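The same protein chain appears twice below, in two forms, each given on its own as structure tokens and labelled structure 1 and structure 2.
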Structure 1
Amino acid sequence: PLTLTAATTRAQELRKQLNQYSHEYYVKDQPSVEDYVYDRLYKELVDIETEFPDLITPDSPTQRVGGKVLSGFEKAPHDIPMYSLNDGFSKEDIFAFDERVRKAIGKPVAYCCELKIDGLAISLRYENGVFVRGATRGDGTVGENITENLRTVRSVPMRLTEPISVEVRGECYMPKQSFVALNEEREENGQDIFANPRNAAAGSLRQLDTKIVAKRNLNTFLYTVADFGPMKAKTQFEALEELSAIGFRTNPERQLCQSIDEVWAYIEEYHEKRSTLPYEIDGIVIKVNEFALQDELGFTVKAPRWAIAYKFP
């Protein structure tokens, strides 16, 4: 037989090994083991959880399939507000942004450049390493609590590597290939298609039945922390490294540019690589890298003064 005692220990072992495999596959996009190895262990875990349902834990990989059905979403306040971004549309707009930054700071300034992921802004809160809240940006100060749905998003860690208390923010999006596939499925079932993957991702995260959301193939890129916790980064480039280090999925295409000249070249570089990417972007986000200089520039009412988004038409 398998006793409750033996199963309690073995279950944790399985959770640890499977989540590590899930990390490599969904977060690093680089699995280490063949699928059949994962499926075999996963099946063993499912058997144990079926026999002893009390052994089911929130960080168990079986829970990714969802199950809960909400009546509605609760309000999710952001005490550290989630701002939006000021826009630029021309090479002149970007150089003018740089001129304003140098005027305010008084010296040449480095920019961390990121692809602008076209999706839904999310905030992920963790207590002692445990996922405890997921939320939409909403209006910047109050969004929707979509914790249950984001449990189904495989790149989102249910328990972090270290027991750290942090809230991080990024983009949840639907990959192109999944957008294509979902719309076909809607065509088959007599449904209106989504106009674009941004809309598909937003309609997905608005679903109240978490079982549907788990089927929707959503993914994430994290790019900032609202509350730092123990985190050590002093620059945006450092933050992105640290975010990867504690277990989040980050976008590999960011670059540290030491002149506005390098910024526009980045912009031209990816303005064309755009088509080759598995996800949609609507532009590029230019951030003053040093956090000390970001604080110095501060925020307007709408947006940070230390950033600008170059939009593609």
Structure 2
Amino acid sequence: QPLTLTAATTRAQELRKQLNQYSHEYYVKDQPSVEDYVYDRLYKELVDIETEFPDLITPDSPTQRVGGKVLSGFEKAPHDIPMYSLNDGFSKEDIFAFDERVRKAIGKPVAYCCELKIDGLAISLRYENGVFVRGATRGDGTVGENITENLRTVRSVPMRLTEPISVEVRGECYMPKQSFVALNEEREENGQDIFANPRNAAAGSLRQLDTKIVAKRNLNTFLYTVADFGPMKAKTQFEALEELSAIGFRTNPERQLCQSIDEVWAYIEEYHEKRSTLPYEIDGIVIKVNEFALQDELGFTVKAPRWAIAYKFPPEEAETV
């Protein structure tokens, strides 16, 4: 073990503080001081040390936490069903290793429902008898910020479902490139810190206390998770996407159900190219175990599901100069 117990402990402490500090600025202030990959590199090191010396994992470690503390100002939005993060992949190997773990837990190969990781803000919508009653941010996974109002200024968010059914679903809220571009040119004239990336613009907007502003910003959505099914009958993630659409939610069409891990990778390769042709920023791919009975079997860890993995994409910005 290249690292000695002392070297890893001290390193894990440095890493824990440094990373925690950065999370606070990124979630609790939507004003990060470091690039996302700088954070990711450091985060990845912590994970390696924690994996090499599990005895060093502490409750305060960022590996044990999701998102961040709620931005006071708004009303607290407890989550009846917890929200999480996802485990990341940065190589074809990671994708294959993930498949390898799954196969070992299921005992056979499984088909994956692949989707584009829409780069925006995480949201949760609550419906009671077809009526939109609450919209929330992910927060720290157990308590978000109530942003129902703000969310009602968004066209795609349906006010009443197609059936007077009660359900809870999650998805993403974003700002198309088209508008990110525009908005900024405007803010510049108003001498305001033009938004860094489409992600922070959306987050900066939705977490704005004055809906008056929010309304004019122009955001869209994509729903991809059913938290509380109510009377929904889908047994697979691929079906749930159809059902979510069918009851009135906007859902992303690029999804593809893959029967082999080779197909998953090709899907990843594919959209990594088409990327530019899309009107919305995507920060990767989300590979999901299609069968729900199986997702239940795999379960979650303190921070993320075992039945999914997110292949990360550097922002096209960094692939285009």
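Only residues modelled in both forms are compared. What we label the rigid core is the largest C-alpha set whose atoms superpose within 1.5 Å from one form to the other. One-based numbering along structure 1's sequence throughout.
For the two-part rigid motion between the two structures, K116 is grouped with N219, each C-alpha going to the part with the better superposition fit. Comparing the two forms between the two structures, the rotation angle of the smaller rigid part against the larger comes to 179°. Superposed on the core, the two forms differ at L160, whose C-alpha moves 1.0 Å between the two structures. On core superposition, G72 has its C-alpha offset by 3.3 angstrom between the two structures. When the rigid core is fitted, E51 shows a C-alpha shift of 70.3 Å between the two structures.
Once the core is fitted, the segment that moves between the two structures, counting only runs of three or more residues with each CA displaced by at least 2 angstroms, is 1 to 72 alone.
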